[PDB]
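Trainee: Once you've had a glance at the structure underneath, I'll fire off some questions.
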Amino acid sequence: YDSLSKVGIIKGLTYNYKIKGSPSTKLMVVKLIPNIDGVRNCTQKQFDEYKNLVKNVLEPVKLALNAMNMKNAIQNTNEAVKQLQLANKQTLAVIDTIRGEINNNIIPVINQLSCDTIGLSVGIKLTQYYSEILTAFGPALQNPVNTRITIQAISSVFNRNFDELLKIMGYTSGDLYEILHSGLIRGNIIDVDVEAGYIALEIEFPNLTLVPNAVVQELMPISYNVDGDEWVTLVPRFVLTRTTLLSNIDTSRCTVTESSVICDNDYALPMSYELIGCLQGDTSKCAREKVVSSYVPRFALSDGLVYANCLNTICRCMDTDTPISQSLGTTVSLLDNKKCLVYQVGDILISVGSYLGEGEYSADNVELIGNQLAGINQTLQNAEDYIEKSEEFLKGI
Amino acid sequence: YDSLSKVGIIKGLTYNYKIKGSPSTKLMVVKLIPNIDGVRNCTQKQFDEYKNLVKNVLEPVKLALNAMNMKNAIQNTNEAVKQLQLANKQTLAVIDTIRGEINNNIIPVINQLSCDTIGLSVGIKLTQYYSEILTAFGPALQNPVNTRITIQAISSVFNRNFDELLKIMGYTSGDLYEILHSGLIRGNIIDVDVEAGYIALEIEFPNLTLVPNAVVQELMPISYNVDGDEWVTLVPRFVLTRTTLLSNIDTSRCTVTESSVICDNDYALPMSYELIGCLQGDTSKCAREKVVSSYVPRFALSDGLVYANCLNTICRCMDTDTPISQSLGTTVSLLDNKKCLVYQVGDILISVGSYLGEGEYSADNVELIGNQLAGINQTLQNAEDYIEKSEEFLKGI
Amino acid sequence: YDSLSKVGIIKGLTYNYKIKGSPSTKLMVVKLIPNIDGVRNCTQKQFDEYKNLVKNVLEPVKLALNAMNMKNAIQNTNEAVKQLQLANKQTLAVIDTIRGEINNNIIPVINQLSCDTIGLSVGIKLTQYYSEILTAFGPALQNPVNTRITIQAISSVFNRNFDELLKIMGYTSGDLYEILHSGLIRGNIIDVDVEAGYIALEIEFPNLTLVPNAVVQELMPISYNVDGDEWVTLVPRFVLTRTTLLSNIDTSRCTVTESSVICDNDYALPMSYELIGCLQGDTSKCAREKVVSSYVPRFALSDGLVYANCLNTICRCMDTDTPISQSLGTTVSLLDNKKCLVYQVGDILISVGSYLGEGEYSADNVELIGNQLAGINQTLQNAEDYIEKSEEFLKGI
């Protein structure tokens, strides 16, 4: 690239080149189902319900398996005393009655209910276990489709340290970020067992290989006003540059990222010398053509950078009587937020968003006989005390 | 396009053209963790378990942080009465015993257990909170990979009204449907804090710009029988048409939808006049070639519309002795469900599905001492009543 | 293909060809919400909370709806006895007191609390129902975006038998595996009702049609050393071969899989005879060009199969003083794990992973007055027994 802004060529982002062609198939099955058991037969119903739910959610995937006056009176009063004793017997009866209720269900059954409540807590733990299942595979558990594998499944092998994971194997920041943002890893379920509860999935560990000085720029063709006509140069929108000798870039089967391009194989091939000469400054070798369509854009846009050309189109931003433009020699002019509030290139309205960010969303808020006994004891103590002394010493031998 | 059915050109679907080149990066962090606290120290264990689960599910993502005879007898009977009083004392003892149990654990501890049950309900609410977390980001929470952002996260900013959201910013139905069905939005996690519990993600609000009269038709080349040979015209499968002057369409880096095509940038370029002349009716300028491969299809298929050519191939649908065809001039003939039950164009079996729809799936179904006391009181009342009057008036001064 | 290894052409994987062009739109709505009701008004709060959660998670999606000295003494002692009777009355009072507590909340309210615990279990079941919802659609429930539909939703129509599902409709293993690993099915939500709780989604049942003998090989161009220069033949990286007459392959709008390529329509077209002649052995017709870029690879890589060319580059694996190479006639040489421990072709380090598989991850582990009554009864029985006989027979007529 040189000082050739007059032909409408504009550089863009630089993308690194990486190669992934090393597979690995050494999968081994490791059990991960949490152990559940009953010690007091309280969680048996909960265990059965959990097993039924696990069976229901876990499809048998058989398709994959197949494919791959006084004298009498003192007597009568005594009888009355006996009647009082009979009344005491009746009280003894009530002593059993409430006790029978205590013997019926009050003590044991309620206590058993308490264990059920503990089982309920276990059920809550089961729900947490379900979350641990959900974070285990996520979408991969739903279907055996190649998709992003959860980081928690790949990590936490021995000490959950990501630094050790990235240091044990030679890797850089760029390829790791590309993998973590694109999802080049692939996952497929092998077999699912309802009873033993083990799920095996194909773990993918790509080993990206980089190429030194594998820089490539993006070119946006822009028509230029030469003489009276408007000429446009036929140049590919993506060409690799390297000192003097370079080659073209084919994106028919390549995936691009924020700052790199990922391709399964290599596609380098020799390119014609005419294009190299035209890019080097020889405008005569460039294939110029007259524009015959109004749909050809006169301005380029790259990640919010607008090269507005006000020589032919309009660049009104806030008013309609300001014919701001540039010199005849200059073709592309930068139009950023430092020139006007809301710039509108051409006759098409374009601007940025007004509000953007994480909206406020709150889930919920958590909010919030002693005297009688003493009197009875005193009466009992005093009565015998004043009756025994009175009766014993009054009559004797 | 004109009346040129003899050369095998067939129009298809029309796709609108839109441009997205305006980014926006003004992300701000807003807390969304539901407040949880304990008032009676009952949910402390539940709170600790929830915090541990949150820490376990939320990876520290340190990689992203680093990168970016008577006289004696009446005495003895009295002693017996005292013995009965002693028996009453024994009853008093039992009065404490059961009461001691009431004082031990019956009243307080069970009540405390009740609070635990309330905590269990809180735990259930926690599970609901987990669902509110799951709907918050979904897959985006699992990994920082560019994917579809949940509508509930973007919406519900102030009043959950989608109409206000679509009216505040200028948008149409087509681009909104394309975004909602394709997932052009991108999402990346910035930072995750275990303690404060805030998660920040890159919110994407694309601003699609439309182009008036940006219609483009799809062309399917079909060989035609001229003289004895079968000639096929070399025409691109996707070319834009606009009155008279038009241009070609390049789909090497463009994504197509049901009724539109989305491209990051513009790709308009002048096209040769020979192709325009050939498309306009000048069959001489068309590049005709003799077919030298049996794999070339003699019929076209577009969204269930079959242009079966029975002149050369066969069009048996229900029998094998019906040579139904068309005139020599006509090349493509429509073959819909109104002509035969199950049409089979050529020697390849093709038909529609037999059963399609939402299958029936049901989760589960929810299914479902008074007399003794009165007698004791009456006996107590009558005994004293008939003993006091008898004793008092019988003996005196 | 013939014995033409000297020109650098290497065969690769074979991909089958399939056509999908038969849509189907006969969607019908079927209710799937589990029935919930209250029999004892215990789950009313739980039902309200579940309904509120369902309303919150289920967006109204209005955008889609709009778009589409003695004498006195014996008296006094009797009064004392009456006092004892009064004490008994006091005991009767306590008989009510505890009973009042039993009548207050001990029996009924606690029992009501028990029903609440049952409701808590129902709440746990509700969480399980949520899981049944999560497995119902998964990501499709989150947004109406075309993605993989869960197998459990498509299956379980009548007897959950996958064999019957694959036998009722004519299908093979290859296309079924391609669908299950790529996700060609599309899904879109039609309408969502909060009250009736029915969700309708577009079910996709592709009917892939195969083409006999639709085999195609992959060709990787490799430069060859002829005379002093290094010549590379210009040959497309993907060309179909069939006996003698064949045609080119265009992948501009085709998706490739592990062992097949899926395209929406057909793209067969005649190819020039010069390329066929060059591929058949006529090296004169081949378009050879001198390499003018060092980025051109001298070795090919295909699924871990490396054709290392040590004639020009280096093939050091374990040492740096071993110039192992091949004969001048041979250009490509296989370099597998049976030749060296860690092979490094050229000056770029490349190898396989060290550790790969499912890591160990454990969620959690589940761990674990009779004597007094008899004495009172004996005292009561003996006292009356020895007092009645003594009193009755001592005094009489």
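Here, each number is a calculation from the coordinates, and none is a lab measurement. A quick note on method: Cβ atoms are made from the backbone with ideal geometry, for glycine too, and the neighbour counts reach across all protein chains shown.
Trainee: If you keep only loop residues by DSSP, which GluC sites (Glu not before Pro) in region C:109-199 have at most 11 other Cβ atoms within 10 Å of their Cβ?
Mentor: C:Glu195
Trainee: Per residue of B:138-150, what is the mean number of Cβ atoms on other protein chains within 10 angstrom of that residue's Cβ?
Mentor: The mean count of partner-chain Cβ atoms within 10 Å per residue comes to 6.
Trainee: Out of the chymotrypsin sites (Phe, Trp or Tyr not before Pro) in region C:82-187, which ones are loop residues according to DSSP with at most 10 other C-beta atoms within 10 Å? Don't jump to the answer; show the numbers that get you there.
Mentor: Working: sites: C:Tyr129, C:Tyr130, C:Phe137, C:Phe158, C:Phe162, C:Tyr171, C:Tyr177; in loops: C:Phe158, C:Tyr171.
Listed in order of number, the matching sites are C:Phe158.
Trainee: Only four residue types carry charge here, +1 at the Cβ of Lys and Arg and -1 at the Cβ of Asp and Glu. Report the dipole size of chain C about the Cα centre in Debye, rounded to the nearest 20.
Mentor: With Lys and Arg at +1 and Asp and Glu at -1, about 500 debye.
Trainee: Do the sum for chain B: with -39,500 (n - 2.57) for every DSSP H run of n ≥ 4, divided by all residues, what is the mean residue ellipticity at 222 nm, to the nearest 500 deg cm²/dmol?
Mentor: -11500 deg cm²/dmol
Trainee: Relative contact order of region B:229-337: what whole-number percent is it, with Cα pairs under 8 angstrom and at least 6 residues apart?
Mentor: Reported relative contact order: 21 percent.
Trainee: Okay, moving on. Excluding A:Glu218 itself, what net charge comes from residues whose Cβ is under 9 Å from its Cβ, given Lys and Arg +1 and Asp and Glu -1?
Mentor: Taking every other residue near A:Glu218 into account, the sum is +2.
Trainee: Given charges of +1 on the Cβ of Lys and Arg and -1 on the Cβ of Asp and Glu, with all other atoms neutral, how large is the dipole of region B:32-190 about its Cα centre, in debye to the nearest 20?
Mentor: 540
Trainee: May I pose another question? Please compute the contact order of region A:297-353 in relative form: average sequence separation of alpha-carbon pairs under 8 Å and at least six residues apart, divided by the residue count, as a percent.
Mentor: Answer for region A:297-353 is 34 percent.
Trainee: Would you mind calculating the relative contact order of region C:136-276 from Cα pairs under 8 angstrom and at least 6 residues apart, reporting the percent as a whole number?
Mentor: This gives 15 percent for region C:136-276.
Trainee: Can you put B:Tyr17, B:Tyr267 in order of Cβ neighbours within 10 angstrom, beginning with the fewest?
Mentor: B:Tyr267, B:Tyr17
Trainee: Further question: Fewest Cβ neighbours within 10 Å first, please rank B:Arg186, A:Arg242 accordingly.
Mentor: A:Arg242, B:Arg186
Trainee: Are any of the pairs A:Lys395/C:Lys89; C:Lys71/C:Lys389; A:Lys18/B:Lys55; A:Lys55/A:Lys125; B:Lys20/B:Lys167 more than 30 Å apart by Cα-Cα distance, and if so, which? Before the final figure, lay out the partial values.
Mentor: On the way: A:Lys395/C:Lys89 32 Å; C:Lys71/C:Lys389 25 Å; A:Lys18/B:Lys55 35 Å; A:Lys55/A:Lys125 18 Å; B:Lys20/B:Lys167 20 Å.
Too far apart for the 30 Å limit: A:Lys395/C:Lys89; A:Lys18/B:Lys55.
Trainee: What does the copy distance list look like for B:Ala67, label position 7 Å along Cα→Cβ, in nm and ordered from shortest?
Mentor: Shortest to longest, the spacings are 3.2, 3.3 nm.
Trainee: Around A:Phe162, with a cut-off of 13 angstrom between Cβ atoms, what is the net charge of the other residues, counting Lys and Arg +1 and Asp and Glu -1?
Mentor: Local net charge: 0.
Trainee: For peptide B:198-207, what's the mean number of Cβ atoms from other chains within 10 Å of each residue's Cβ?
Mentor: Shielding by partners across B:198-207 averages 3.
Trainee: Now, a different point. Which of the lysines could a cross-linker bridge to C:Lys339, judged by Cα under 21 Å and excluding same-chain residues fewer than eight apart?
Mentor: Filter leaves A:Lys26.
Trainee: Place the peptides A:28-35, B:41-48, A:317-324, A:199-206 in order of packing, highest mean first, counting for every residue the other Cβ atoms within 10 Å and averaging per peptide.
Mentor: A:199-206, B:41-48, A:28-35, A:317-324
Trainee: Pick out, from B:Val194, A:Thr255, B:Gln112, the residue whose Cα sits farthest towards the positive end of the charge dipole of the protein assembly as shown, with +1 on the Cβ of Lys and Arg and -1 on the Cβ of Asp and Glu.
Mentor: A:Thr255
Trainee: Next question. Counting only other chains, and only Cβ atoms inside 10 Å, what mean value do you get across the residues of C:179-187?
Mentor: That average works out to 3.
Trainee: Karplus couplings for region C:232-247 from phi (6.51 cos²θ - 1.76 cosθ + 1.60, θ = phi - 60°), rounded to Hz, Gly and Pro as x?
Mentor: 10, 8, 7, 9, x, 6, 9, 9, 7, 10, 7, 6, 10, 8, 9, 8
Trainee: Using a 10 Å cut-off on Cβ atoms, rank the peptides B:102-109, C:386-393 from the highest mean neighbour count down.
Mentor: Top to bottom by mean Cβ count within 10 Å: C:386-393, B:102-109.
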